[PDB]
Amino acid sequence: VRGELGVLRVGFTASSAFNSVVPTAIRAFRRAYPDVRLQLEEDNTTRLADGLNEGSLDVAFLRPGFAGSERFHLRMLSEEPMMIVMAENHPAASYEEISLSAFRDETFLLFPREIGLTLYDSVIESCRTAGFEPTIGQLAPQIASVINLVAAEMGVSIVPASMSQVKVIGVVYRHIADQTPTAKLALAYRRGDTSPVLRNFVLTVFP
């Protein structure tokens, strides 16, 4: 009955909390191991990987593919389509089918690349696969902040599909008919960290 006491420091990105796997895993662990204290931290993949490396986090829900990710265990938990988010009165909002080529001259809002290089680069790659280099306008700190600026008609963005729960008045979400990479979420933890609390958490997320 090891690993039933202690504190586990658990990190996740702000957008990842909107993917059901994150609350589902947290709730499942709290039920199975009620005496373990979950200290939750919300931060982007760059910071979460740094926290794992320095020992200030024990496990993270982050986006895979960052430089040096092979130094950790990463287990895929969710892959989801990306969607376009735009103002409700954007001309493309009444299109039967959305193609990214419609936005070749449109301003894209994004978050700063340095906080999450893989997801940022996947938005860029999506536009490149559609044949253009996106014009990037105002940067906002998180995807939820980006969406709120989309409501103010400052541009469009590309977001994990689960962000379509964020029904800010004046925005719409549309599926992309073009081929686009998924947004990816993995559970991440240190190699050779044999803590029984961490093991109990990992085996709760992957029964």
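Quick note: we count residues from 1 along the sequence shown, nothing fancier.
Of the two segments, 160-168 and 31-39, the one listed with the higher mean B-factor is 31-39 (C-alpha atoms only). For the pair 135-143 and 52-60, the record assigns the higher mean C-alpha temperature factor to 52-60. Between the residues 104, 73, 90, 113, the entry's highest C-alpha temperature factor is the one at 104. Annotation for residue 86: C-alpha temperature factor in the lowest third relative to the rest of the modelled chain, per the entry.
Sort the modelled residues of the chain by CA B factor and residue 182 lands in the highest third. The entry lists a Cα temperature factor for residue 119 that places it in the middle third of the chain's modelled residues. Remark: residue 109 belongs to the lowest third of its chain, ranked by C-alpha B-factor as recorded. Residue 69: CA B factor lies in the highest third for its chain, per the PDB record.
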